[PDB]
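So this first bit is one chain, no partners, the form deposited in one PDB entry, shown in structure tokens.
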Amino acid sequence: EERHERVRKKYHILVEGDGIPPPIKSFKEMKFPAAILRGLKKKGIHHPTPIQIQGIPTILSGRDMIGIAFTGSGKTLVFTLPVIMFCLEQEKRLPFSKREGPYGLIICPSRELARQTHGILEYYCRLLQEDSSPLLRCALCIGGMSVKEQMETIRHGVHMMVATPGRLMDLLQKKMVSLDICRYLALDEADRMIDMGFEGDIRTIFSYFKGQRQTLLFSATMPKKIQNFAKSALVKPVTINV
């Protein structure tokens, strides 16, 4: 409980909450498969950022998390890499069937953030496959794609979905996607999402979970409004600030 604070102070990591898992200074010690480690080098990513150092082990242990981190902090790997791992184990335990809804869900304010994060997921998923792991399937639920097209992407079952709140809500209400097996919900740029009026749509999306989920909220800012929303959204979260 003693050296971990030295790690944190050095990399300017502020944490709140109980039973915080130890920070980890290397991707290998976070027990990632080598195909992912190679993907990281191959993208020039040799060393974990502060948000990754404390964030990844927090997520891996199943804790809810509030991440106060900015665009460019490396936050995207914090919420993409662990769920890919989670999905990989589920698919190995029981291969996903044709319509089995998403296991992991990532909600973004905008179409372009959604595509970009979806793009990242498909990169790591592809490297796993090229190591003989099964294909994990990543779906986009954003505006500008038809209904037909949306149902096409998920006909094979979907492990991970990246959505904007409006389109996802509509699909849930129309029973075209289900959250019956969704165990992981990441909220990216939550501050922006609140500023844009998506609060209600997101609370509605919440009501489509039957039973526990791990929830993650990422926000560049933590004013009183985001703080109250986070308290209602998450369960005993570890708060991590860089």
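Residues carry their position along the shown sequence, with the first being 1. Just so we're on the same page, rigid core means the largest C-alpha set that superposes within 1.5 Å between forms.
If you average the C-alpha B-factors over 141 to 149 and over 160 to 168, the higher value belongs to 141 to 149. Look at the C-alpha B-factors of 20 to 28 and of 216 to 224. On average they run higher in 20 to 28. Of the candidates 41, 183, 203, 192, it is 41 whose Cα B-factor is highest according to the PDB record.
In this PDB entry, residue 81 carries a Cα temperature factor that places it within the lowest third of its chain's modelled residues. In this PDB entry, residue 73 carries a Cα temperature factor that places it within the middle third of its chain's modelled residues. Placement of the Cα temperature factor of residue 60 within the chain: middle third of the modelled residues, per the deposited record. Sort the chain's modelled residues by C-alpha temperature factor and residue 126 lands in the middle third, per the entry. In this PDB entry, residue 154 carries a Cα temperature factor that places it within the highest third of its chain's modelled residues.
Another form exists, deposited in another entry; not displayed. Remarks below refer to it.
Among the candidates 45, 181, 196, 176, displacement between this form and the one not shown reaches 2 angstroms at the C-alpha for one position only, 45 (superposition on the rigid core). Once the rigid core is used as the reference frame, the Cα position of residue 142 differs between this form and the one not shown by less than 2 Å.
Shown in the overlay between this form and the one not shown, fitted on the rigid core, is a CA shift at residue 87 smaller than 2 Å.
Residue 164: CA moves less than 2 Å between this form and the one not shown after rigid-core fitting.
Note: residue 181-residue 99 Cα separation is 3 Å or more shorter in that other deposited form than here. Between residue 120 and residue 73, the Cα spacing is smaller in that other deposited form than in the shown form, differing by no less than 3 Å.
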